[PDB]
């Protein structure tokens, strides 16, 4: 039901050559590309109705307000939050998670309290917790991984104890592609009297999110990964928790009364939005959501499942290539070529027009767990095709041959 030609026709950026070869963008896990609907939403904003929001005193101001808060509602429906009061716009997943670490963790952790993460976590979902525990004298714990880089519910029950206040975990790992059992972990967390914090940066673009079904306490996501503008993300949190959290930042827009020494805050969600907000970016994110909903997240999810399966099979056709993670996975493949460093791989691939990523992918502890220094990584999205994966595996074959040849040439 999903036509890939029709979808690709909407991404101007795809139709270009690099190094005399057709662009083959396989770096969506770093950042996604944007369709016209999104870019033109930005355009129409700046061309026709930019103004500050929340004053409703003049025509453009009212239009801007309607667009901004309208986008809040689009986000709310998109992740099935109960209320707009639980939808905060932030700069991105990183900032969202830091807000939870700052306003929730730092205020609710005493020595002997535990916060539990996992070895596969992006840095966004590591360092805020390191800092909160250091600030509070609490202690940081890591759920171990199984051999295929998935997580066992048994290990979860093992690690989270009656002293655990916070469990923070990825919905989908940008590295292993594992989909973690978020719903079961929420139940487990709650049984021990903890909240669960979900890093949803890699799930949100690619699959339906239902915060009511996941029963997550907090869920963070980033516009740039889902066809949206850069610079914008969301923090969702249960109304009851956000009511008792103090703001992470202070200034205009988030106050009610300001005296000389003391101030009171707006109601949610504005309590958490200091300063002129990300007006254009939030409206474009709303457009991104409209776009993805019109294709259907289930459809996108099916597409990525299909591409991931095809990729794993074609990679298994190559000698001297190791793929990391489980079989059951999101649309990305992290890998190494035997004897060639991933930076080199990525460089050569760019010479064929192929965009991939090489490095620690913001997961240094996970790299160490994998017993590697660095990895190459390819990621797929709703505009990618099997032909592109063919080009990738052919280029990896050619790269293997080339490096072997260089080796033998040395006399």
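Numbering follows the first chain given and starts at 1.
Asker: Which is higher on mean Cα B factor in this entry, 62-70 or 340-348?
Answerer: So the stretch with the higher mean C-alpha B-factor is 340-348.
Asker: Of 366-374 and 48-56, which one has the bigger average CA B-factor?
Answerer: Comparing averages over the C-alpha atoms only gives 366-374.
Asker: Could you tell me which one of 331, 251, 284, 149 shows the highest CA temperature factor in the PDB record?
Answerer: That would be 149.
Asker: Determine which member of 83, 203, 108, 222 has the highest CA B-factor, using the values in the deposited entry.
Answerer: Highest C-alpha B-factor among the listed options: 108.
Asker: Grab the CA temperature factor for residue 137 from the record and place it in the lowest, middle or highest third of its chain.
Answerer: For residue 137, the deposited C-alpha B-factor lands in the highest third.
Asker: In terms of the chain's CA B-factor thirds, is residue 76 lowest, middle or highest?
Answerer: Ranked within chain, residue 76 CA B lands in the lowest tercile.
Asker: By the record's CA B-factor, is residue 170 among the lowest, middle or highest third of residues in the chain?
Answerer: Its C-alpha B-factor belongs to the middle third of this chain's values.
Asker: Is the Cα B-factor recorded for residue 291 in the lowest, middle or highest third of its chain?
Answerer: For residue 291, the deposited C-alpha B-factor lands in the lowest third.
Asker: Compare the C-alpha B factor of residue 95 with those of the other modelled residues in its chain, then answer lowest, middle or highest third.
Answerer: Answer is lowest: the recorded C-alpha B-factor places it there.
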